[PDB]
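Chemist:
Residue numbers (our numbering), protein chains in the order written: chain W, 10 to 73; chain D, 10 to 73.
(1) Could you tell me whether the Cβ of residue 23 of chain W comes closer than 9 Å to any Cβ of chain D?
(2) Closer than 6 Å by C-beta to residue 17 of chain W: which residues in its own chain qualify, once you throw out the five before and the five after it? Chain order, please.
(3) Is any beta-carbon of chain W found at less than 9 Å from that of residue 66 of chain D?
(4) Spatial neighbours of residue 46 of chain D within its chain, please: C-beta separation below 7 Å, excluding the five flanking residues on both sides.
(5) Taking the CB atoms as reference points, tell me whether residue 70 of chain D and residue 67 of chain W lie closer together than 9 Å.
Following this line, the structure appears as structure tokens:
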């Protein structure tokens, strides 16, 4: 049920509830679909609201 | 003169002064040295102060 349009928001909720598997799935999805996710309002809002989660996605993408 | 310890701070100053070449050099350096840059106080402070710049580094790393 991850989608380009919900992925940033799912990452925020996975983090909020310490849902490690879901968090990992969301980060991996975002990385795989970065070109599209970056154009979403969910992502743009996450950059401001939860910058640490952008940093976490970055860390994962860098270690790939 | 880019270093692991100054790279995030240089990215902030490149952005502040719209110094495109320096910004690109800084992002590329950060991406290449991500494992080390992520452990710096400059990076950690940038995540909070300039989250858009973390997003810009992410966008570049993703398009690599």
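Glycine included, each C-beta is placed from N, C-alpha and C at the ideal position.
Modeler: Concretely, from the data shown:
(1) Walking along the first chain from the start, residue 23 of chain W turns up at place 14. It does not; no Cβ of chain D falls within 9 Å.
(2) The residue given as residue 17 of chain W occupies position 8 in the first chain. Here the set comprises 51, 52 and 55.
(3) Mapped onto the second chain, residue 66 of chain D falls at position 57. It does; some Cβ of chain W falls within 9 Å.
(4) Numbered from its first residue, the second chain carries residue 46 of chain D at position 37. These residues qualify, in order along the chain: 13, 16, 17, 39 and 52.
(5) Taking the second chain and counting its residues from 1, one reaches residue 70 of chain D at position 61. Taking the first chain and counting its residues from 1, one reaches residue 67 of chain W at position 58. Contact: yes.
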